[PDB]
file structure.cif (mmCIF, C-alpha atoms)
data_entry
#
loop_
_atom_site.label_atom_id
_atom_site.label_comp_id
_atom_site.auth_asym_id
_atom_site.auth_seq_id
_atom_site.Cartn_x
_atom_site.Cartn_y
_atom_site.Cartn_z
CA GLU K 1 -19.54 -44.82 56.44
CA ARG K 2 -17.60 -45.62 59.63
CA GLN K 3 -14.99 -43.02 58.74
CA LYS K 4 -17.67 -40.40 58.12
CA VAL K 5 -19.56 -41.09 61.33
CA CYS K 6 -16.37 -41.19 63.41
CA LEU K 7 -15.21 -37.88 61.96
CA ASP K 8 -18.63 -36.35 62.61
CA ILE K 9 -18.32 -37.57 66.20
CA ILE K 10 -14.92 -35.88 66.45
CA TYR K 11 -16.32 -32.67 64.97
CA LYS K 12 -19.14 -32.59 67.47
CA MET K 13 -16.91 -33.49 70.42
CA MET K 14 -13.51 -31.78 70.23
CA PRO K 15 -14.21 -28.65 72.37
CA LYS K 16 -14.92 -30.85 75.38
CA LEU K 17 -11.52 -32.52 75.04
CA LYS K 18 -8.14 -31.32 76.36
CA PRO K 19 -4.84 -31.07 74.45
CA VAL K 20 -3.30 -33.94 76.42
CA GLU K 21 -5.92 -36.35 75.08
CA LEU K 22 -6.23 -34.51 71.76
CA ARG K 23 -2.58 -35.29 70.99
CA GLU K 24 -3.01 -39.06 71.13
CA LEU K 25 -6.44 -38.73 69.52
CA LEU K 26 -5.19 -36.83 66.48
CA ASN K 27 -2.00 -38.87 66.09
CA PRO K 28 -3.82 -41.57 64.03
CA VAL K 29 -6.53 -39.25 62.65
CA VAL K 30 -4.18 -37.60 60.16
CA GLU K 31 -3.58 -40.99 58.53
CA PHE K 32 -6.77 -40.56 56.50
CA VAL K 33 -5.22 -37.98 54.22
CA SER K 34 -5.33 -39.32 50.65
CA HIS K 35 -8.07 -41.71 51.72
CA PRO K 36 -10.17 -42.89 48.75
CA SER K 37 -13.14 -40.70 49.68
CA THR K 38 -13.46 -36.93 49.38
CA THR K 39 -16.02 -36.94 52.20
CA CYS K 40 -13.66 -38.22 54.89
CA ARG K 41 -10.87 -35.93 53.73
CA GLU K 42 -13.24 -32.96 53.82
CA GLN K 43 -14.43 -33.83 57.32
CA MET K 44 -10.91 -34.20 58.67
CA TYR K 45 -10.05 -30.89 57.03
CA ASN K 46 -12.94 -29.32 58.92
CA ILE K 47 -11.39 -30.83 62.04
CA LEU K 48 -8.06 -29.32 61.03
CA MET K 49 -9.36 -25.78 60.58
CA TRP K 50 -11.28 -26.08 63.85
CA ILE K 51 -8.07 -27.03 65.64
CA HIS K 52 -5.93 -24.46 63.84
CA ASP K 53 -8.29 -21.58 64.57
CA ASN K 54 -8.59 -22.82 68.16
CA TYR K 55 -4.83 -23.40 68.50
CA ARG K 56 -3.11 -20.65 66.49
CA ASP K 57 -2.65 -18.71 69.75
CA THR K 58 1.33 -21.62 76.05
CA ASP K 59 1.65 -25.37 76.62
CA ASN K 60 4.32 -27.18 74.62
CA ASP K 61 2.15 -30.20 73.82
CA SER K 62 -0.68 -28.04 72.48
CA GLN K 63 1.91 -26.23 70.36
CA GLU K 64 3.05 -29.60 69.00
CA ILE K 65 -0.54 -30.60 68.20
CA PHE K 66 -1.16 -27.29 66.44
CA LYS K 67 2.11 -27.65 64.52
CA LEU K 68 1.13 -31.14 63.36
CA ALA K 69 -2.29 -29.82 62.36
CA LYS K 70 -0.82 -27.01 60.28
CA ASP K 71 1.69 -29.44 58.77
CA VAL K 72 -0.98 -31.85 57.57
CA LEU K 73 -3.06 -28.87 56.43
CA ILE K 74 -0.13 -27.86 54.23
CA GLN K 75 -0.06 -31.48 53.08
CA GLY K 76 -3.77 -31.02 52.43
CA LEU K 77 -3.09 -28.13 50.06
CA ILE K 78 -2.76 -30.70 47.27
CA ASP K 79 -6.14 -32.26 46.48
CA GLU K 80 -7.26 -34.51 43.65
CA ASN K 81 -10.72 -33.01 44.17
CA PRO K 82 -10.96 -29.50 42.68
CA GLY K 83 -13.63 -28.75 45.27
CA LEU K 84 -11.19 -29.53 48.07
CA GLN K 85 -8.67 -27.27 46.34
CA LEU K 86 -11.24 -24.48 46.17
CA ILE K 87 -12.27 -24.82 49.81
CA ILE K 88 -8.68 -24.96 51.05
CA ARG K 89 -7.88 -21.89 48.95
CA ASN K 90 -10.86 -20.12 50.51
CA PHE K 91 -9.62 -21.12 53.96
CA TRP K 92 -6.03 -20.02 53.49
CA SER K 93 -6.84 -16.84 51.56
CA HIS K 94 -8.77 -15.58 54.59
CA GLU K 95 -7.30 -12.66 56.51
CA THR K 96 -6.68 -14.67 59.68
CA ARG K 97 -4.98 -17.43 57.69
CA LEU K 98 -3.18 -14.92 55.45
CA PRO K 99 -2.62 -11.21 56.17
CA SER K 100 -4.39 -8.83 53.82
CA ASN K 101 -1.21 -6.82 53.26
CA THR K 102 0.67 -8.30 50.32
CA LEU K 103 3.99 -7.79 52.09
CA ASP K 104 2.60 -9.32 55.27
CA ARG K 105 0.98 -12.12 53.28
CA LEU K 106 4.35 -12.88 51.69
CA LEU K 107 6.08 -12.82 55.06
CA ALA K 108 3.49 -15.18 56.56
CA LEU K 109 3.58 -17.69 53.71
CA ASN K 110 7.37 -17.91 54.03
CA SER K 111 6.84 -20.07 57.11
CA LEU K 112 4.24 -22.04 55.16
CA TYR K 113 6.24 -24.67 53.28
CA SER K 114 6.49 -28.42 52.86
CA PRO K 115 9.25 -30.37 51.11
CA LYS K 116 6.45 -32.55 49.72
CA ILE K 117 4.57 -29.60 48.18
#

call {"tool": "encode", "arguments": {"input": "structure.cif", "output": "structure tokens"}}
result
Amino acid sequence: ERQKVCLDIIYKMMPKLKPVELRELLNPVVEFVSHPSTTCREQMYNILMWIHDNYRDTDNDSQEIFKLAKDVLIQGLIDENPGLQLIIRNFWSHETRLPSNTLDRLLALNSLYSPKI
């Protein structure tokens, strides 16, 4: 319950924050991947897509935050919950996340990789 309410707080508050604070804020947030609750993982994923869409566009630290966000998102591609798998597939299959052109989609996903996945 604390995890859920804290993540809801983060979801309602991030646009007010700045990348300098967001760095240190997110540094422990990503720890809750593989947490024993699909709810918290889903909420932090919502955080992650919010950041990624708001940071896929420049300051070096913001670039580092956005890189960490995309990295953990790639780590989030593997889900024990099939619903999380479906929602992450819906997210990544989107045009902004993946170019509609098959050639361009292939070129984009080349960068997408994790040694864990």

call {"tool": "resolve_selection", "arguments": {"input": "structure.cif", "expression": "the PyMOL selection byres ((chain K and resi 82-98) around 10)", "output": "PyMOL selection string"}}
result
chain K and resi 38-39+41-42+45-46+49+52-53+56+73-74+76-81+99-102+104-109

call {"tool": "closest_residue", "arguments": {"input": "structure.cif", "among": "K:115, K:19, K:35, K:8", "to": "residue 66 (chain K)", "atoms": "all atoms listed in the file"}}
result
K:19

call {"tool": "atom_distance", "arguments": {"input": "structure.cif", "atom1": "CA of residue 44 (chain K)", "atom2": "CA of residue 22 (chain K)"}}
result
13.9 Å

call {"tool": "residues_around", "arguments": {"input": "structure.cif", "residues": "residue 55 (chain K)", "least_positions_apart": "2", "cutoff": "12 Å", "atoms": "all atoms listed in the file", "output": "VMD selection string"}}
result
chain K and resid 15 18 to 19 22 47 to 53 57 to 70

call {"tool": "atom_distance", "arguments": {"input": "structure.cif", "atom1": "CA of residue 5 (chain K)", "atom2": "CA of residue 34 (chain K)"}}
result
17.9 Å

call {"tool": "atom_distance", "arguments": {"input": "structure.cif", "atom1": "CA of residue 30 (chain K)", "atom2": "CA of residue 3 (chain K)"}}
result
12.2 Å

call {"tool": "axis_aligned_box", "arguments": {"input": "structure.cif", "around": "region 95-110 of chain K", "padding_each_side": "6 Å", "output": "AutoDock Vina command-line options"}}
result
--center_x 0.0 --center_y -12.4 --center_z 55.0 --size_x 26.7 --size_y 23.1 --size_z 21.4

call {"tool": "build_atoms", "arguments": {"input": "structure.cif", "residues": "region 63-78 of chain K", "atoms": "N, CA, C and O atoms", "output": "compact mmCIF listing (two decimals), in the coordinates of the input"}}
result
# COMPACT_ATOMS: atom_id res chain seq x y z
N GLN K 63 1.15 -26.78 71.49
CA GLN K 63 1.91 -26.23 70.36
C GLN K 63 2.28 -27.33 69.38
O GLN K 63 2.20 -27.12 68.16
N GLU K 64 2.69 -28.49 69.88
CA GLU K 64 3.05 -29.60 69.00
C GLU K 64 1.84 -30.09 68.22
O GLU K 64 1.94 -30.39 67.02
N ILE K 65 0.68 -30.19 68.88
CA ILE K 65 -0.54 -30.60 68.20
C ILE K 65 -0.88 -29.61 67.09
O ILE K 65 -1.22 -30.00 65.97
N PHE K 66 -0.81 -28.32 67.41
CA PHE K 66 -1.16 -27.29 66.44
C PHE K 66 -0.17 -27.28 65.28
O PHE K 66 -0.55 -27.06 64.13
N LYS K 67 1.11 -27.54 65.57
CA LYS K 67 2.11 -27.65 64.52
C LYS K 67 1.82 -28.83 63.61
O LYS K 67 1.90 -28.71 62.38
N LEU K 68 1.48 -29.98 64.18
CA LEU K 68 1.13 -31.14 63.36
C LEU K 68 -0.10 -30.85 62.51
O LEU K 68 -0.17 -31.24 61.34
N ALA K 69 -1.08 -30.16 63.09
CA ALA K 69 -2.29 -29.82 62.36
C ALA K 69 -1.98 -28.92 61.17
O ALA K 69 -2.45 -29.16 60.05
N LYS K 70 -1.17 -27.88 61.39
CA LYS K 70 -0.82 -27.01 60.28
C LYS K 70 0.03 -27.74 59.25
O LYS K 70 -0.10 -27.49 58.05
N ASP K 71 0.87 -28.67 59.70
CA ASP K 71 1.69 -29.44 58.77
C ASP K 71 0.82 -30.27 57.84
O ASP K 71 0.98 -30.23 56.62
N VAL K 72 -0.12 -31.02 58.41
CA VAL K 72 -0.98 -31.85 57.57
C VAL K 72 -1.91 -30.99 56.74
O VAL K 72 -2.30 -31.37 55.63
N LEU K 73 -2.29 -29.80 57.24
CA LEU K 73 -3.06 -28.87 56.43
C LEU K 73 -2.27 -28.45 55.20
O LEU K 73 -2.82 -28.38 54.09
N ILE K 74 -0.99 -28.15 55.37
CA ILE K 74 -0.13 -27.86 54.23
C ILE K 74 -0.07 -29.07 53.31
O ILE K 74 -0.12 -28.93 52.08
N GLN K 75 0.04 -30.27 53.88
CA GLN K 75 -0.06 -31.48 53.08
C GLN K 75 -1.42 -31.57 52.40
O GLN K 75 -1.53 -32.13 51.31
N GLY K 76 -2.46 -31.03 53.03
CA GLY K 76 -3.77 -31.02 52.43
C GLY K 76 -3.95 -30.01 51.33
O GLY K 76 -4.99 -30.01 50.66
N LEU K 77 -2.97 -29.13 51.12
CA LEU K 77 -3.09 -28.13 50.06
C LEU K 77 -3.21 -28.77 48.69
O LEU K 77 -3.80 -28.18 47.78
N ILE K 78 -2.65 -29.96 48.52
CA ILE K 78 -2.76 -30.70 47.27
C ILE K 78 -3.96 -31.63 47.38
O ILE K 78 -4.01 -32.50 48.26
